[PDB]
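One structure is given here, and the rest of the page talks about it.
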Amino acid sequence: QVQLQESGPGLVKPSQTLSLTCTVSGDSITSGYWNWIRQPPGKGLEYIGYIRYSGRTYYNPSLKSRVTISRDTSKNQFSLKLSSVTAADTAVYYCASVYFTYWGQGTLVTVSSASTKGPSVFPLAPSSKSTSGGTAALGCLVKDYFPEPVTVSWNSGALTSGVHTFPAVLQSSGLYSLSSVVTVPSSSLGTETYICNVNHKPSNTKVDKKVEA
Amino acid sequence: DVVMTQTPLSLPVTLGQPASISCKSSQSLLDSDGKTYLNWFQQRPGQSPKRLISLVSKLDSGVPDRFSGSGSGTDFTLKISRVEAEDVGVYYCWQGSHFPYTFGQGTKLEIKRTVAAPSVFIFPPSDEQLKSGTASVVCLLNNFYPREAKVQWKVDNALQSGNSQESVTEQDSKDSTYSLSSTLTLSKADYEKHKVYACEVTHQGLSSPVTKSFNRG
Amino acid sequence: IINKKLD
Numbered sequence: 002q003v004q005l006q007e008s009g010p011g012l013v014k015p016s017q018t019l020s021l022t023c024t025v026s027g028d029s030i031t032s033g034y035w036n037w038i039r040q041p042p043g044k045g046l047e048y049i050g051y052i053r054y055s056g057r058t059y060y061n062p063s064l065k066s067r068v069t070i071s072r073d074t075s076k077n078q079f080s081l082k083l084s085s086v087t088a089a090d091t092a093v094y095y096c097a098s099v100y101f102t103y104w105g106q107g108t109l110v111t112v113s114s115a116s117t118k119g120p121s122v123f124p125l126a127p128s129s130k131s132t133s134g135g136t137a138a139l140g141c142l143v144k145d146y147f148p149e150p151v152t153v154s155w156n157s158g159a160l161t162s163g164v165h166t167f168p169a170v171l172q173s174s175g176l177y178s179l180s181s182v183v184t185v186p187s188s189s190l191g192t193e194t195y196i197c198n199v200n201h202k203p204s205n206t207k208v209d210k211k212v213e214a
Numbered sequence: 002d003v004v005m006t007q008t009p010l011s012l013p014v015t016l017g018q019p020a021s022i023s024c025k026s027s028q029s030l031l032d033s034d035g036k037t038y039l040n041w042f043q044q045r046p047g048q049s050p051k052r053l054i055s056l057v058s059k060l061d062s063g064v065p066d067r068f069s070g071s072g073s074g075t076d077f078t079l080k081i082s083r084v085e086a087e088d089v090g091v092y093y094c095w096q097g098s099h100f101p102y103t104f105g106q107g108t109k110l111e112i113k114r115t116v117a118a119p120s121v122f123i124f125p126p127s128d129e130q131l132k133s134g135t136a137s138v139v140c141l142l143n144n145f146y147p148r149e150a151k152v153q154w155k156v157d158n159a160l161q162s163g164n165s166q167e168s169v170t171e172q173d174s175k176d177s178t179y180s181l182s183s184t185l186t187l188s189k190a191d192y193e194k195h196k197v198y199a200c201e202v203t204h205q206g207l208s209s210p211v212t213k214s215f216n217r218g
Numbered sequence: 060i061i062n063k064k065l066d
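Protein chains in written order, with my numbering: chain A, 2 to 214; chain B, 2 to 218; chain C, 60 to 66.
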């Protein structure tokens, strides 16, 4: 099947230019149609436009004066440029194949003059008061970062079931914070190592935190 | 452009019951080539939209036959004969017969499932965070239904007010449950003044309130 | 399965 993945800066200052790239695996972009579409916070979907098998582009006339879509067939990548951004351009941006059959995972772009800042990562330590019979909870507190999002994985992706990463909350400081927790067997404590892996792309920070009982 | 409008925007549905979503467009979508390019996406929580229905009623690949679609020209309906847990998400109608393609606001389908009580856990702040001057005490409510829950903090039996913040996950696509975090925020200085930190939970799934607490030692 | 006008 065709796989797509978008990449680009999560933070853009007002009146600057947003740049995003979509990398396509499994089929050549010389052949299809390649779409961009965005999802502003709580505000449905907005079509941006496409580039064709031949390089021809179509742009949503809502954006066409500030938008460019281009491609690098050598890298099997197409890209998005949206100039003179405002907070109205804050959204999740997705790339997608023809007929929107295959999708990337999306990338959040935040339009703001505030500075980026990576998170502090504190352990939510399993105790006797975070164990319910056979079940113990442990986690990571991911605090005071901007902008969204952070990605949290456990033991580098080997621990998938039982994970809850909570939605971030905007504190009155202007910084975000969330917790990621996981439930595991109480028998696994002391013998199984548990590490949360925090990715904050907007600040180019990755943090690994060992969580000990 | 062509405007798409969905109703309701919010749709609570009991597991196993039917569900209906209406979509209306400001223009006919019947093209002169005989085709009607009204389509539906399903956006599962934390995922991108996915093709659900194409051309009013053709189910896209991998879509269960509990889904149906209907209408002509300007009035459209998405139907789920029996709602199952995997149906959690936002549903968008969209239009591909006029450029630009345009999308509905989306209807959020929330699932009513069996009532189930949370499992409650409490976490003391790590010694490391205290060195920064702030204390975060986390109380976790895991896998419960419905989303409504009362979480009170008590510090040495003193009811806490205005220093807490809650966050709730989207409901699970397999379990239809919620999980909740409640975070109590104090200065290190104030955290060191007191001994017992308690998280007290009431929920429709509980005969009695449940308290989790720790001794700061 | 075509769901869209492309041009």
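A virtual CB, placed ideally from N, CA and C, is assigned to each residue, including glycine.
Next on the checklist: Against B/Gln153, what residues of chain A qualify as contacts under a CB-to-CB distance less than 8 Å, listed in chain order?
Outcome noted: By Cβ distance, chain A contributes nothing, its closest Cβ being about 17 Å from B/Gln153, past 8 Å.
Checklist entry - By Cβ distance below 6 Å, which residues in the same chain neighbour A/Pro150 in space, the five residues on each side in sequence not counted? => result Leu109
Item to check | Same chain, Cβ closer than 6 Å to B/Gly206, five either side skipped, listed in chain order | outcome: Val116, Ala117, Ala118
Checklist entry - Does the distance from the CB of B/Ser137 to the CB of B/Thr184 come in under 8 Å? => result Yes; because the gap between Cβ atoms is below 8 Å, this pair is in contact.
Checklist entry - Got a sec: is the Cβ-Cβ distance from A/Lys130 to anything in chain B below 8 Å? => result yes
Checklist entry - What are the boundary residues of the alpha helix (DSSP H) that B/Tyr192 is part of? => result Run containing B/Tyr192: 189-194, per the alpha helix (DSSP H) assignment.
Item to check | According to DSSP, residues forming a beta bridge with residue 1 of chain A | outcome: Here chain A covers residues 2 to 214 and nothing more, so residue 1 of chain A does not appear.
Checklist entry - How big is the Cα-Cα spacing for A/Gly158 and A/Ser8? => result 20 Å
Next on the checklist: Quick check: what's the CA-CA separation for B/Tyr93 versus A/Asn36?
Outcome noted: Cα-Cα distance, rounded: 17 Å.
Checklist entry - Do you know how far the Cα of A/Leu139 is from the Cα of B/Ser208? => result 27 Å
Checklist entry - So which residues on chain C does B/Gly97 lean against when the C-beta distance must stay under 8 Å? => result Chain C residues near B/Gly97: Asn62, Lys63, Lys64.
Checklist entry - Does the separation of the CB atoms of A/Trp104 and A/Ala97 fall below 8 Å? => result yes
Checklist entry - Any idea what DSSP makes of B/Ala86, helix, strand or coil? => result helix
Item to check | Three-way DSSP call (helix, strand, coil) for A/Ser189 in this model | outcome: Helix.
Next on the checklist: So if I threshold CB-CB distances at 7 Å, which residues from the region 149-175 of chain B count as touching chain A?
Outcome noted: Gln166, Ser168, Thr170
Item to check | B/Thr37 beta carbon less than 8 Å from that of B/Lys25 | outcome: no
Checklist entry - Thinking C-beta only, is A/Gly11 closer than 8 Å to A/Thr111? => result yes
Item to check | Rounded straight-line distance, which links the Cα of A/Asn61 to that of A/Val170 | outcome: 33 Å
Checklist entry - Going along the chain, which residues of its own chain have a beta-carbon closer than 6 Å to the beta-carbon of A/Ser180, five neighbours each way excluded? => result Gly140, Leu142, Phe167, listed in sequence order.
Checklist entry - Exposed or buried, what is B/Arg83 when buried is set at 16 or more other beta-carbons lying within 10 Å of its beta-carbon? => result exposed
Next on the checklist: Run through chain A and tell me which residues come within less than 8 Å of B/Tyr38, C-beta to C-beta.
Outcome noted: Per Cβ cutoff of 8 Å: no residues; B/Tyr38 is ~10 Å from chain A at best.
Checklist entry - In three-state DSSP terms, what is A/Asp90? => result helix
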